[PDB]
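Numbering (PDB author numbering) for the sequence shown: 1 to 31.
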Amino acid sequence: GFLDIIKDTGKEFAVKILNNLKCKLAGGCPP
């Protein structure tokens with residue numbers, strides 16, 4: 001709730017990997 005580093009750095013770390021994986025593994029924008 002109020003941990004305001006952990007609440008969003010852990011989400012950002014996962015989302016960054018997941019978005020890159022979405023681009024490569026669904027073929028829509030592989031770097």
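Note that CB positions come from ideal geometry on N, CA and C, so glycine has one too.
If we ignore side chains and look at the alpha-carbon of each, how far apart do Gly10 and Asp4 end up?
Here residue 10 is taken as the residue at index 10 of the sequence shown, counted from 1. Here residue 4 is taken as the residue at index 4 of the sequence shown, counted from 1. Near 10 Å, if we compare the C-alpha coordinates of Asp4 and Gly10.
How would you write the range of the alpha helix (DSSP H) that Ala14 sits in, first residue to last?
Numbered from its first residue, the sequence shown carries residue 14 at position 14. Looking at the DSSP string, the run of the alpha helix (DSSP H) that includes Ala14 is 6–25.
Work out the CA separation of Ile17 and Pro31 for me, nearest whole Å.
If you number the sequence shown from 1, residue 31 lands on position 31. If you number the sequence shown from 1, residue 17 lands on position 17. Each residue's Cα considered, the two are about 13 Å apart.
For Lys24, which residues of its own chain have a beta-carbon under 8 Å away from its beta-carbon, when the five flanking residues on both sides are left out?
Taking the sequence shown and counting its residues from 1, the one referred to as residue 24 is at position 24. Taken in chain order, the residues that qualify are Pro30, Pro31.
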